[PDB]
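Student: See start_27.txt below, with compact mmCIF, C-alpha atoms.
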# COMPACT_ATOMS: atom_id res chain seq x y z
CA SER A 1 111.93 86.63 116.14
CA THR A 2 109.48 85.25 113.61
CA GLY A 3 106.27 83.23 113.55
CA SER A 4 104.61 81.04 110.93
CA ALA A 5 101.17 79.44 111.11
CA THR A 6 98.89 77.61 108.71
CA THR A 7 95.51 79.10 107.97
CA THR A 8 92.65 76.87 106.86
CA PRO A 9 89.32 77.58 105.12
CA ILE A 10 86.39 76.87 107.46
CA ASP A 11 84.26 75.38 104.68
CA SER A 12 84.13 74.41 101.03
CA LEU A 13 83.44 77.99 99.91
CA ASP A 14 86.37 79.66 101.72
CA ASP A 15 83.84 81.75 103.69
CA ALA A 16 86.61 82.47 106.20
CA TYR A 17 89.95 81.18 107.43
CA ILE A 18 91.01 79.95 110.86
CA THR A 19 94.50 79.88 112.32
CA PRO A 20 95.47 78.11 115.56
CA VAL A 21 96.53 80.40 118.41
CA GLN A 22 97.96 79.37 121.78
CA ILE A 23 96.61 81.35 124.74
CA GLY A 24 97.63 81.04 128.37
CA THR A 25 99.74 78.69 130.49
CA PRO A 26 99.42 75.79 129.91
CA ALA A 27 98.48 76.60 126.35
CA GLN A 28 94.85 76.70 125.35
CA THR A 29 94.66 76.43 121.56
CA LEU A 30 91.81 78.32 119.88
CA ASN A 31 91.18 78.66 116.14
CA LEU A 32 90.85 82.36 115.39
CA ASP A 33 89.81 84.35 112.34
CA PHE A 34 92.79 86.62 111.53
CA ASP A 35 91.17 89.92 110.53
CA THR A 36 93.17 92.76 108.96
CA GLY A 37 89.96 94.83 109.10
CA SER A 38 89.61 95.01 112.92
CA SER A 39 91.91 95.40 115.91
CA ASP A 40 90.44 93.32 118.73
CA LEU A 41 91.63 89.87 119.78
CA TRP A 42 88.52 88.29 121.28
CA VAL A 43 87.64 84.74 122.18
CA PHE A 44 84.74 82.54 123.17
CA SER A 45 85.35 81.85 126.85
CA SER A 46 84.16 80.38 130.12
CA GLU A 47 82.31 83.70 130.56
CA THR A 48 80.26 83.54 127.35
CA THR A 49 76.50 83.22 127.83
CA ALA A 50 75.94 79.43 127.69
CA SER A 51 73.04 79.60 125.21
CA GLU A 52 75.33 81.53 122.85
CA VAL A 53 78.09 78.89 122.70
CA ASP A 54 77.55 76.06 120.17
CA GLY A 55 80.57 73.86 119.54
CA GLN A 56 83.30 76.48 119.84
CA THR A 57 86.42 75.92 121.89
CA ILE A 58 86.53 78.31 124.83
CA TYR A 59 89.28 80.15 126.66
CA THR A 60 89.14 79.55 130.42
CA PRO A 61 91.26 82.20 132.12
CA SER A 62 90.93 80.65 135.59
CA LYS A 63 92.94 77.69 134.22
CA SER A 64 95.76 79.93 133.03
CA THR A 65 98.50 80.77 135.51
CA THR A 66 99.58 83.79 133.43
CA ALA A 67 96.08 85.29 132.98
CA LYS A 68 95.41 88.57 134.80
CA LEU A 69 92.07 90.37 134.73
CA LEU A 70 92.46 93.85 133.33
CA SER A 71 90.54 95.71 136.02
CA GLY A 72 87.68 97.86 134.79
CA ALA A 73 88.23 97.08 131.10
CA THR A 74 85.39 96.20 128.75
CA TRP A 75 84.99 95.88 125.01
CA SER A 76 82.21 95.89 122.48
CA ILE A 77 82.51 95.61 118.71
CA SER A 78 80.19 95.61 115.68
CA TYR A 79 81.33 94.30 112.30
CA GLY A 80 80.47 95.40 108.76
CA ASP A 81 77.82 92.70 108.37
CA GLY A 82 75.99 93.53 111.61
CA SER A 83 77.67 90.88 113.75
CA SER A 84 78.74 91.87 117.27
CA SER A 85 80.31 90.72 120.52
CA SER A 86 81.31 92.21 123.88
CA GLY A 87 82.79 91.32 127.24
CA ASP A 88 85.71 91.91 129.61
CA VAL A 89 89.49 91.75 129.26
CA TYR A 90 92.40 89.69 130.49
CA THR A 91 96.07 89.95 129.67
CA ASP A 92 97.83 86.66 128.96
CA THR A 93 100.53 85.03 126.88
CA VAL A 94 99.59 84.57 123.24
CA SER A 95 101.65 82.63 120.69
CA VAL A 96 101.13 82.32 116.94
CA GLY A 97 103.21 79.85 114.98
CA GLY A 98 106.13 80.02 117.43
CA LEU A 99 105.95 83.79 118.00
CA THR A 100 105.11 84.78 121.59
CA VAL A 101 103.70 87.97 123.12
CA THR A 102 103.40 88.30 126.86
CA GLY A 103 100.77 90.63 128.31
CA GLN A 104 98.55 90.54 125.22
CA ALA A 105 95.02 91.81 125.79
CA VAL A 106 92.70 88.82 125.37
CA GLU A 107 89.13 90.05 125.14
CA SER A 108 86.76 87.55 126.73
CA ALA A 109 83.25 87.41 125.27
CA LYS A 110 80.29 87.57 127.63
CA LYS A 111 77.92 88.06 124.67
CA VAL A 112 78.09 87.16 120.97
CA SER A 113 75.58 87.60 118.14
CA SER A 114 73.86 84.67 116.48
CA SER A 115 76.19 84.61 113.46
CA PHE A 116 79.15 83.86 115.74
CA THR A 117 77.17 81.23 117.68
CA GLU A 118 76.33 79.58 114.34
CA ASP A 119 79.99 79.42 113.17
CA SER A 120 81.14 76.43 115.27
CA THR A 121 84.56 76.57 113.58
CA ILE A 122 85.49 80.11 114.67
CA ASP A 123 86.59 80.43 118.31
CA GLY A 124 87.20 84.17 118.02
CA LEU A 125 89.00 86.87 116.04
CA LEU A 126 92.58 88.18 116.02
CA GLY A 127 92.60 91.72 114.70
CA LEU A 128 95.48 92.95 112.57
CA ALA A 129 94.32 96.45 111.57
CA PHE A 130 95.80 99.45 113.38
CA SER A 131 95.50 99.63 117.15
CA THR A 132 93.64 102.93 116.88
CA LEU A 133 90.50 100.85 116.12
CA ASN A 134 90.74 98.70 119.26
CA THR A 135 87.49 98.91 121.25
CA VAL A 136 88.78 98.30 124.78
CA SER A 137 87.60 100.96 127.23
CA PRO A 138 88.68 102.99 129.16
CA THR A 139 92.26 102.09 128.12
CA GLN A 140 92.67 101.11 124.47
CA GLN A 141 94.80 98.02 123.91
CA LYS A 142 97.34 97.06 121.24
CA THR A 143 97.02 94.35 118.59
CA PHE A 144 99.10 91.19 118.64
CA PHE A 145 101.14 92.53 115.69
CA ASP A 146 101.70 95.86 117.41
CA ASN A 147 102.92 94.12 120.56
CA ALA A 148 105.25 91.81 118.61
CA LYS A 149 106.61 94.41 116.17
CA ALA A 150 109.69 95.49 118.11
CA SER A 151 110.83 91.88 118.51
CA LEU A 152 110.32 90.80 114.91
CA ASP A 153 113.26 90.48 112.56
CA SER A 154 111.37 92.80 110.24
CA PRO A 155 108.18 94.73 111.20
CA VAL A 156 105.90 92.87 108.77
CA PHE A 157 103.37 90.12 108.49
CA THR A 158 102.24 88.38 105.31
CA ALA A 159 99.00 86.73 104.24
CA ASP A 160 99.06 83.82 101.80
CA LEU A 161 95.48 82.56 101.65
CA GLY A 162 94.65 79.40 99.76
CA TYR A 163 91.86 78.73 97.26
CA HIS A 164 90.02 75.73 98.65
CA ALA A 165 93.31 74.91 100.36
CA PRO A 166 95.46 75.74 103.38
CA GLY A 167 97.68 78.81 103.41
CA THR A 168 100.07 80.71 105.65
CA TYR A 169 100.37 83.74 107.91
CA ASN A 170 104.00 84.72 108.55
CA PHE A 171 105.24 87.29 111.07
CA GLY A 172 108.57 89.02 110.86
CA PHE A 173 109.84 87.76 107.52
CA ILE A 174 109.05 87.49 103.81
CA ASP A 175 109.16 83.97 102.36
CA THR A 176 110.68 84.59 98.96
CA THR A 177 109.71 81.07 97.81
CA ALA A 178 106.01 81.81 98.35
CA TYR A 179 105.41 84.04 95.32
CA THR A 180 106.38 84.54 91.70
CA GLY A 181 107.98 87.60 90.13
CA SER A 182 108.38 90.61 92.39
CA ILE A 183 106.38 92.26 95.17
CA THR A 184 104.89 95.62 94.21
CA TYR A 185 104.50 98.00 97.12
CA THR A 186 101.82 100.66 97.32
CA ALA A 187 101.06 103.49 99.76
CA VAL A 188 98.79 103.03 102.77
CA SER A 189 96.60 105.53 104.59
CA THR A 190 96.07 104.72 108.25
CA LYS A 191 93.67 107.65 108.75
CA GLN A 192 90.66 105.31 109.16
CA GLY A 193 92.64 102.66 111.07
CA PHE A 194 92.68 100.27 108.09
CA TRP A 195 95.22 98.93 105.62
CA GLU A 196 93.77 101.41 103.14
CA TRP A 197 95.26 101.72 99.66
CA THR A 198 94.45 102.70 96.09
CA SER A 199 94.22 100.20 93.28
CA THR A 200 95.20 101.53 89.86
CA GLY A 201 92.30 99.90 88.01
CA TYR A 202 90.85 96.67 86.68
CA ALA A 203 90.11 94.34 83.80
CA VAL A 204 87.38 91.75 83.20
CA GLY A 205 88.54 88.49 81.62
CA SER A 206 90.63 89.14 78.52
CA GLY A 207 89.38 92.72 78.31
CA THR A 208 91.46 95.86 78.24
CA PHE A 209 92.66 97.29 81.51
CA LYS A 210 90.76 100.33 82.76
CA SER A 211 93.00 102.79 84.56
CA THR A 212 91.03 104.22 87.44
CA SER A 213 91.79 104.85 91.11
CA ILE A 214 89.92 102.57 93.49
CA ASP A 215 90.38 103.34 97.20
CA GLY A 216 89.78 100.32 99.43
CA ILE A 217 91.01 98.23 102.33
CA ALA A 218 92.92 94.96 102.40
CA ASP A 219 90.65 92.91 104.69
CA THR A 220 91.29 89.22 105.43
CA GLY A 221 88.18 89.21 107.61
CA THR A 222 85.81 89.91 104.70
CA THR A 223 84.90 87.02 102.40
CA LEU A 224 84.11 88.78 99.16
CA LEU A 225 85.42 91.53 96.90
CA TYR A 226 83.34 94.71 97.25
CA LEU A 227 83.90 97.33 94.54
CA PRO A 228 82.09 100.32 93.02
CA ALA A 229 78.80 99.62 91.28
CA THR A 230 80.21 100.64 87.88
CA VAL A 231 83.04 98.11 88.13
CA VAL A 232 80.81 95.33 89.43
CA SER A 233 78.24 95.94 86.69
CA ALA A 234 80.99 95.76 84.05
CA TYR A 235 82.07 92.39 85.47
CA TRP A 236 78.68 90.70 85.70
CA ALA A 237 77.67 91.98 82.24
CA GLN A 238 80.14 89.43 80.88
CA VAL A 239 78.24 86.55 82.50
CA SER A 240 75.12 85.39 80.66
CA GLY A 241 72.10 85.38 82.90
CA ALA A 242 73.74 87.26 85.78
CA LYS A 243 71.58 89.78 87.58
CA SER A 244 71.48 91.84 90.75
CA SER A 245 68.87 90.37 93.11
CA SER A 246 67.52 92.51 95.96
CA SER A 247 65.78 89.49 97.48
CA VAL A 248 69.01 87.51 97.61
CA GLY A 249 71.10 90.59 98.39
CA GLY A 250 73.56 90.83 95.52
CA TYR A 251 74.58 89.61 92.10
CA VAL A 252 73.61 86.03 91.30
CA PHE A 253 74.40 83.98 88.23
CA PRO A 254 73.47 80.62 86.68
CA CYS A 255 75.48 77.88 88.28
CA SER A 256 76.11 76.50 84.75
CA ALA A 257 78.19 79.57 83.83
CA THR A 258 81.94 79.72 83.49
CA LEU A 259 83.10 82.92 85.14
CA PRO A 260 85.65 85.30 83.65
CA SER A 261 88.69 86.31 85.65
CA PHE A 262 89.03 89.70 87.30
CA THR A 263 92.26 91.66 87.33
CA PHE A 264 93.11 94.49 89.75
CA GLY A 265 96.02 96.91 89.55
CA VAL A 266 98.75 97.42 92.10
CA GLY A 267 100.74 100.31 90.72
CA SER A 268 101.97 99.07 87.37
CA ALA A 269 101.56 95.41 88.38
CA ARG A 270 98.47 93.24 87.94
CA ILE A 271 96.84 90.55 90.10
CA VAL A 272 94.55 88.10 88.33
CA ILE A 273 91.66 86.54 90.24
CA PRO A 274 90.62 83.33 88.42
CA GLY A 275 86.93 83.10 87.61
CA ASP A 276 86.51 80.01 89.82
CA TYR A 277 87.44 82.18 92.83
CA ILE A 278 84.34 84.32 92.19
CA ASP A 279 81.88 81.35 92.48
CA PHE A 280 80.27 81.07 95.94
CA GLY A 281 77.82 78.35 95.04
CA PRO A 282 74.06 77.91 95.20
CA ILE A 283 72.12 80.63 97.00
CA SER A 284 70.23 77.86 98.82
CA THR A 285 70.81 74.12 98.89
CA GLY A 286 69.81 72.62 95.57
CA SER A 287 69.35 75.90 93.74
CA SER A 288 70.74 76.44 90.24
CA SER A 289 71.29 80.13 91.04
CA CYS A 290 74.77 80.87 92.43
CA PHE A 291 76.08 83.77 94.50
CA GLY A 292 78.77 86.01 93.07
CA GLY A 293 82.08 86.73 94.77
CA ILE A 294 82.28 90.27 93.42
CA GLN A 295 79.63 92.57 94.85
CA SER A 296 78.82 96.27 94.99
CA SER A 297 80.26 98.36 97.82
CA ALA A 298 77.48 100.91 97.39
CA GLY A 299 75.94 101.38 100.83
CA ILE A 300 78.95 99.87 102.60
CA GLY A 301 80.71 103.18 102.26
CA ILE A 302 84.08 101.67 101.45
CA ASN A 303 85.57 99.27 98.90
CA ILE A 304 86.87 96.01 100.36
CA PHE A 305 89.58 93.80 98.94
CA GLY A 306 88.45 90.75 100.89
CA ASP A 307 89.54 87.13 100.65
CA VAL A 308 88.36 86.71 97.03
CA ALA A 309 91.03 89.23 96.02
CA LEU A 310 93.68 88.56 98.64
CA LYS A 311 93.79 84.77 98.08
CA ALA A 312 94.91 85.45 94.49
CA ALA A 313 98.05 87.12 95.89
CA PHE A 314 100.94 87.01 98.30
CA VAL A 315 100.25 90.06 100.47
CA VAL A 316 102.75 91.93 102.62
CA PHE A 317 101.47 94.03 105.48
CA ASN A 318 104.46 96.28 106.15
CA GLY A 319 104.24 97.92 109.56
CA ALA A 320 107.27 100.14 109.24
CA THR A 321 107.06 103.71 110.55
CA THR A 322 105.35 104.51 107.29
CA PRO A 323 103.22 101.46 106.58
CA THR A 324 102.85 100.07 103.07
CA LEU A 325 101.16 97.10 101.37
CA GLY A 326 102.87 94.70 98.97
CA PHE A 327 101.26 92.35 96.44
CA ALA A 328 102.82 89.59 94.38
CA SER A 329 101.38 86.95 92.12
CA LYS A 330 101.79 83.34 93.18
Please render this file's structure as C-alpha cells.
Tutor:
Amino acid sequence: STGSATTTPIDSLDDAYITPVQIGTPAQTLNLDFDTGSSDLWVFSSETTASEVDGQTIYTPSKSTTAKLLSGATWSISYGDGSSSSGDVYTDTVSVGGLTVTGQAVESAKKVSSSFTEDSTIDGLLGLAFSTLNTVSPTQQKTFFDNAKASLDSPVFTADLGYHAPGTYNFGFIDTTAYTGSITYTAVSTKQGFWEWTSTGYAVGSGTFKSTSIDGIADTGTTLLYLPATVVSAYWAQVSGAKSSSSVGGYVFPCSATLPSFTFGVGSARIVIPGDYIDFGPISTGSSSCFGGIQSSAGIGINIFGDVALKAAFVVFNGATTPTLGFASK
C-alpha cells in the first residue's frame, strides 16, 4: 500500500504545515501538523476544555462507530517551545492520503496550552519520530508510520514541503519525478528517538564550504533552522545591520536587506536554502526589523533542521531495520 497527501502552509510565513487526516467512521477530517520531531497523534476533540478551543475542528469519538476508549490510558506532552497538551486515548481508524491504519491510537486532548488555542488552523499533531518517544501511559503506543510500515510497498515516507506553496507527504514510495539529481542517504541515530543525523558542513552565500560535523534532527514540526552559534554568527555577519536581539529573542535584520543563501552538507552532496526562505518578516506589524530564519541552537541543547532547511529539499525518511535519511535537491 501507499498514501499521498498534500500539505499546506498555515500562513504567509510558512510557520507550519497542515495535512488533512481522516479519523473514525464515518470519516472526521482534521488538519494535522505532521511532526517528525514527536511521536504522538493528538487531536482537539469533544473532550477539550471549551475555553481552550477557538476555531479548530474537533474529533468527536462518540460519533465514530470504530472508536474504542483505551481504558486507563493517558498522555501528556511538552514541546521544545514550551507548548503542551494532555488527555485520554482512543483507538480508531486513521487514513492519510488513501493509506489506512486500523486501531491507531488517537490521543484526545482534554487540555491544550494557549499557543495551540491561538492556532485556529491546527487541529492537532501527527508524530512521525520513533515510537520510543510516545507519551501514552501506562502502555506506550505506536506512531501512524510504525503501524503502517508492514503494509507499505517500501518502509518509507517522504516530505516535500513547499516555499509559500503546497507540498506533499508520501507514504510507502519515492516519487522520482519530485526531485532533481540523486538522493544522498546519510546515517541516522535513533538513540534519542529522533531522525538524528550529521551534516557535513555549510556555506554562506557564494562563500567556501566549511567542512564540519553538525549533529541535528530532521524536524518538520519546527519552523526554523537552529544551528551552532558559530555557524549562525557567520551567516548573519554577511547581512548588513543584522544583530542578535535578546528582547526579540534571536537574530533580526533590516527588512530592506537581501539575504544570502545557506548551504548545508549531506555527505558529499549540498542542499542550498535560498535567502528568501530565511526571511520571516517584521517582528511586529509595521516594523522595519525582520526576524531571521536561521537561529542559534545554544540553550536548546540540539541542532534542528526545521522547515526552513527541509523545504529546500526532497527528504526521505527511511524506516528500514536500520533507518536512514535521504536528501535531494528539487
Student: Can you work out which one of A:286, A:274, A:24, A:3 has the shortest atom-to-atom distance to residue 203 of chain A, counting only C-alpha atoms?
Tutor: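 Nearest to residue 203 of chain A: A:274.
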Student: Find the distance between atom CA of residue 5 of chain A and atom CA of residue 42 of chain A and write it in Å to one decimal.
Tutor: 18.5 Å
Student: Select all residues near (91.2, 77.9, 98.8) (cut-off 12 Å, inclusive, file coordinates), counting only C-alpha atoms, and output them as JSON, numbers by chain.
Tutor: {"A": [7, 8, 9, 10, 11, 12, 13, 14, 15, 16, 17, 160, 161, 162, 163, 164, 165, 166, 167, 168, 223, 274, 276, 277, 278, 279, 280, 307, 308, 309, 310, 311, 312, 313]}
Student: From the set A:124, A:306, A:282, A:250, which residue has the shortest atom-to-atom contact distance to residue 31 of chain A, counting only C-alpha atoms?
Tutor: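 With only C-alpha atoms as the atom set, the closest residue is A:124.
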Student: Interatomic distance between atom CA of residue 112 of chain A and atom CA of residue 34 of chain A?
Tutor: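 We find that atom CA of residue 112 of chain A and atom CA of residue 34 of chain A lie 17.5 Å from each other.
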Student: Would you list the contacts of residue 56 of chain A as a list in words, taking every protein, DNA or RNA residue within 10 Å and counting only C-alpha atoms, but skipping same-chain residues closer than 2 positions in sequence?
Tutor: residues 30, 31, 43, 44, 45, 52, 53, 54, 58, 59, 116, 117, 118, 119, 120, 121, 122, 123 and 124 of chain A
Student: I need the chosen residues saved as an mmCIF file, in the frame of the given file, with C-alpha atoms.
Tutor:
data_model
loop_
_atom_site.group_PDB
_atom_site.id
_atom_site.type_symbol
_atom_site.label_atom_id
_atom_site.label_comp_id
_atom_site.auth_asym_id
_atom_site.auth_seq_id
_atom_site.Cartn_x
_atom_site.Cartn_y
_atom_site.Cartn_z
ATOM 1 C CA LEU A 30 91.810 78.320 119.880
ATOM 2 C CA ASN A 31 91.180 78.660 116.140
ATOM 3 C CA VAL A 43 87.640 84.740 122.180
ATOM 4 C CA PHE A 44 84.740 82.540 123.170
ATOM 5 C CA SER A 45 85.350 81.850 126.850
ATOM 6 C CA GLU A 52 75.330 81.530 122.850
ATOM 7 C CA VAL A 53 78.090 78.890 122.700
ATOM 8 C CA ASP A 54 77.550 76.060 120.170
ATOM 9 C CA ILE A 58 86.530 78.310 124.830
ATOM 10 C CA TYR A 59 89.280 80.150 126.660
ATOM 11 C CA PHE A 116 79.150 83.860 115.740
ATOM 12 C CA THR A 117 77.170 81.230 117.680
ATOM 13 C CA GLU A 118 76.330 79.580 114.340
ATOM 14 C CA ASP A 119 79.990 79.420 113.170
ATOM 15 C CA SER A 120 81.140 76.430 115.270
ATOM 16 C CA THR A 121 84.560 76.570 113.580
ATOM 17 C CA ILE A 122 85.490 80.110 114.670
ATOM 18 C CA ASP A 123 86.590 80.430 118.310
ATOM 19 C CA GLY A 124 87.200 84.170 118.020
#
Student: List every protein, DNA or RNA residue that has an atom no more than 10 Å from (103.2, 87.3, 91.5) in the file's coordinate frame, counting all atoms listed in the file, and report them as number ranges by chain.
Tutor: A: 178-184, 269-272, 312-315, 327-330
Student: Give the answer as one residue: which of A:128, A:70, A:257, A:294 has the shortest atom-to-atom distance to residue 204 of chain A, using all atoms listed in the file?
Tutor: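 Answer, going by the shortest atom-to-atom distance: A:294.
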Student: Counting only C-alpha atoms, which residue out of A:321, A:85, A:57, A:36 sits closest to residue 169 of chain A?
Tutor: A:36
Student: Could you please determine the separation between atom CA of residue 289 of chain A and atom CA of residue 232 of chain A in Å, to one decimal place?
Tutor: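 Between atom CA of residue 289 of chain A and atom CA of residue 232 of chain A the gap works out to 18.0 Å.
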Student: Would you mind listing what lies within 6 Å of residue 87 of chain A as a PyMOL selection string, with all atoms listed in the file counted and same-chain residues fewer than 5 positions away left out?
Tutor: chain A and resi 74-75+108-110
